[PDB]
Amino acid sequence: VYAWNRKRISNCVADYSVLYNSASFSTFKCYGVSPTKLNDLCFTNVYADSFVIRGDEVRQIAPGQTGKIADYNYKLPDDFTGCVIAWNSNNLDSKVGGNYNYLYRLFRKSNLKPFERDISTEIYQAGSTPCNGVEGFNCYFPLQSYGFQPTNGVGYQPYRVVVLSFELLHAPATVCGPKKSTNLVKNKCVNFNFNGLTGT
Amino acid sequence: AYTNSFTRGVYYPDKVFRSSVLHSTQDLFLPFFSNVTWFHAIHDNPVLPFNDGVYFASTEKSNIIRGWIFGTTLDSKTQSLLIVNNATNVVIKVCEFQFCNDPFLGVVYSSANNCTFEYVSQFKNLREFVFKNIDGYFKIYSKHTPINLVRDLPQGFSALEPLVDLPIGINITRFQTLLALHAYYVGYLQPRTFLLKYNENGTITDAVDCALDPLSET
Amino acid sequence: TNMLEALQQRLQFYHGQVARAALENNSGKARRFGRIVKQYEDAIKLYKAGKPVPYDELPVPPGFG
Amino acid sequence: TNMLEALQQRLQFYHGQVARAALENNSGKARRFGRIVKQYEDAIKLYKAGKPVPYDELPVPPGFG
Ligand SMILES: *[C@@H]1O[C@H](CO)[C@@H](O)[C@H](O)[C@H]1NC(C)=O
Ligand SMILES: *[C@@H]1O[C@H](CO)[C@@H](O)[C@H](O)[C@H]1NC(C)=O
Ligand SMILES: *[C@@H]1O[C@H](CO)[C@@H](O)[C@H](O)[C@H]1NC(C)=O
């Protein structure tokens, strides 16, 4: 949760067709655009953010509904966020012992600015200055594990969430959806649209 | 040093086929019989302004003149375009790089801060190139076929056909040429008006500038 | 501070060292400190439930206060 | 679908029964239907605000799915 792999999706013919059509995705909610507009506007560049959270924390990723995850780990501004995709990874994750690698930050100075990543791990509280060590009445090491054992309920089962929030209107278009085509005819009065060149 | 570009630097302005027709177009062209700053840097690559597109030529048939860096501040602060030949792949990097003092290249790297776009593609010889940047599109024209009408001088007529188009959409004002460690022309083009002649094939065989001579205007 | 606050402040150190072990990607010791965390969780719950506290044999961190 | 979409889809049924009550021109059950409609409106408002969820004693429609 505390980090996220942001990747460059550009120079692409992105279908968005296999997406939103398969039932593997538990939540497919879009805000800036209506989910049905596969070839919508040929937007400029795409942001992709991937992380794994609990079942209940899904509602907090959306704009508003700020919670512990939203306040100190991932801040999403109230703008045209593309879509939110989340599914259940109880089969892949959640070993019998329980995955302990997934971490979340419970203590931080202030709410993270939108799309700001904090990889640093350090002691936070201080106050009485007993810190610079893990032992202290107020040091409170920030990161804490999740405990994603299979016996946990769906509320605490791990969910694999990817936030597709494409960049909007900032440069000439580079990535867009596929253009439908059809067979051609000869020796008939037919109006044509060859690569945008219209005519009859 | 200065040199006269007789009638070189005419390119196909669009992707429209024509045959046996005289078409007049108004576009950014290099005027006939202009002055080009002859550079002869051997045993010296200054930063030159872009100034709404540039002309370029060369005469050495080996890999010594390699790259063309474009940008506005030549620092990691601002997005900077880079084109370098590897003799097997042409690498195009628009990502931010810091200042290069004495770049040596041939078949410099400081840091790729905020890397965003990348691209990969495929008598002596003449490599005449035309660089243009309009409405966020960077167009590169080329012609690698040399004609020995006269020796040691670039005289004759040759048309330039487009090679690549980049939708980078960046602001560039200065450009520089990259060399190695151990003769290229520069011309600026203005919005002139030309009358171009097409062959039976869609090839341009002759062009006439019409801000140079009352006969030409006629 | 009584017993509740002491145990609540006690258990967070074990949470921190579990997090550090997970960062170290060694899950051998991580299981042991996770068992310690669960022990102290049930200890706090038992104390708050109003039952005898098993403070006699539970492990000790470096410091009482 | 979480909870938000479920309540949003439930509220339409109660607006519909309000509509039928209005059409049948007796305002008796119409008032009760409107009261539970505002109750659900507050329910979605508080759930979207991020507040404790009273999904325990609120009235329920015929169907969970
Ligand atoms: C182009 O040149 C070779 C050919 O395979 C190889 O190193 C690579 O594909 C390219 N080199 C680059 C991108 O530096
Ligand atoms: C360049 O690197 C710095 C590192 O502090 C970073 O803050 C900045 O965003 C980078 N440049 C761009 C254009 O992102
Ligand atoms: C046109 O192209 C053909 C292709 O071989 C060539 O033979 C011919 O000479 C060219 N010019 C004309 C005027 O046909």
Side-chain angles (χ1 to χ4, degrees), chain A residues 3-11 44-49 75 77 110 112-120 122 165-168 170-171 174, chain B residues 10 12 15-23 62-100 103-122 136 140 143 145 147 156-161 163-164 166 168-173 178-180 196-207:
Chain A
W4 53 85
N5 189 0
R6 188 207 279 279
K7 183 197 169 55
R8 296 295 86 193
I9 299 94
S10 178
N11 311 297
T44 310
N45 222 317
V46 188
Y47 308 142
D49 292 330
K75 180 67 173 66
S110 53
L112 264 167
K113 291 177 70 68
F115 293 123
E116 184 176 2
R117 177 176 170 179
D118 180 63
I119 189 63
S120 176
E122 74 278 337
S165 183
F166 63 89
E167 180 196 341
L168 281 85
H170 278 123
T174 61
Chain B
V10 181
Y12 296 87
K15 305 280 198 68
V16 163
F17 171 84
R18 283 184 189 90
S19 174
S20 284
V21 62
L22 277 72
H23 182 250
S62 177
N63 293 18
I64 297 89
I65 174 165
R66 318 300 294 125
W68 287 275
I69 60 170
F70 292 67
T72 309
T73 49
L74 273 297
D75 201 22
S76 197
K77 180 61 181 67
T78 309
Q79 263 294 90
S80 63
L81 189 62
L82 181 145
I83 296 91
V84 173
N85 188 359
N86 190 359
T88 53
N89 304 290
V90 161
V91 65
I92 298 183
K93 185 70 70 68
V94 75
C95 297
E96 291 172 348
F97 293 100
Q98 313 151 2
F99 177 45
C100 303
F104 80 105
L105 284 82
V107 296
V108 191
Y109 57 100
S110 54
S111 176
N113 199 34
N114 201 240
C115 202
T116 54
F117 173 75
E118 206 267 319
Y119 182 76
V120 177
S121 190
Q122 188 274 331
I140 295 97
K143 206 259 194 174
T145 295
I147 288 177
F157 191 59
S158 67
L160 290 145
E161 58 89 20
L163 265 68
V164 295
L166 274 301
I168 50 174
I170 62 170
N171 276 330
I172 53 173
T173 311
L178 315 176
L179 277 297
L196 299 93
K197 172 185 175 191
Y198 287 81
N199 214 9
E200 293 181 351
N201 307 320
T203 52
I204 295 167
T205 193
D206 204 321

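Because only heavy atoms are used, hydrogens play no part in the values below, and waters and symmetry mates are left out as well, while side chains stay in. Residue numbering restarts at 1 for every chain, and letters A, B, ... go by the order of the sequence lines. Start at 1 and go down the list; that is how both ligands and their atoms are numbered.
Dense packing is recorded around CZ of B:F157, with more than 12 heavy atoms of other residues, nucleotides or ligands lying under 6.0 Å away. Summarising the local packing, CD of A:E122 is surrounded by more than 12 heavy atoms from other residues, nucleotides or ligands at distances under 6.0 Å.
Side-chain contact between B:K93 and B:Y119 is absent, with no heavy atoms from C-beta onward closer than 4.5 Å.
Within ligand 3, counting atoms from 1 as listed, the ones closer than 4.0 Å to a heavy atom of B:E200 are 12 (C), 13 (C), 14 (O). The ligand atoms of ligand 1 that sit less than 4.0 angstrom from a heavy atom of B:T88 are 1 (C), 2 (O), 3 (C), 4 (C). Residue-ligand proximity, B:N86 to ligand 1, at heavy-atom distances under 4.0 Å covers atoms 1 (C), 2 (O), 11 (N), 12 (C), 14 (O). Here is the list of ligand 3 atoms found below 4.0 Å of a heavy atom in B:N201: 1 (C), 2 (O), 3 (C), 8 (C), 10 (C), 11 (N), 12 (C), 14 (O).
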Donor-acceptor list for residues 75-87 of chain B side chains, cut-off 3.5 Å, not counting sequence neighbours:
from, atom 1, to, atom 2, distance (Å)
B:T78, OG1, B:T73, OG1, 2.9
B:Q79, OE1, B:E96, N, 3.0
B:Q79, NE2, B:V94, O, 2.5
B:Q79, NE2, B:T116, OG1, 3.4
B:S80, OG, B:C95, O, 3.2
B:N85, OD1, B:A87, N, 2.6

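Listed by chain and residue number, the protein contacts of ligand 2 are B:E96, B:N113, B:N114 (heavy atom within 4.0 angstrom).
At a 4.0 Å cut-off, not a single heavy atom of B:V91 sits close enough to ligand 1 to count as contact.
Here the CZ atom belonging to A:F166 is positioned 12.5 Å from the CD1 atom belonging to A:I9, to the nearest 0.5 angstrom.
A donor-acceptor pair is defined here as one N or O able to donate and one able to accept, closer than 3.5 Å; such a pair exists between the side chain of A:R117 and the backbone of A:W4. Side-chain atoms of B:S121 do not come within 3.5 Å of backbone N or O of B:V90 as any donor-acceptor pair. Side-chain atoms of B:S19 come within 3.5 Å of backbone N or O of B:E200 as a donor-acceptor pair.
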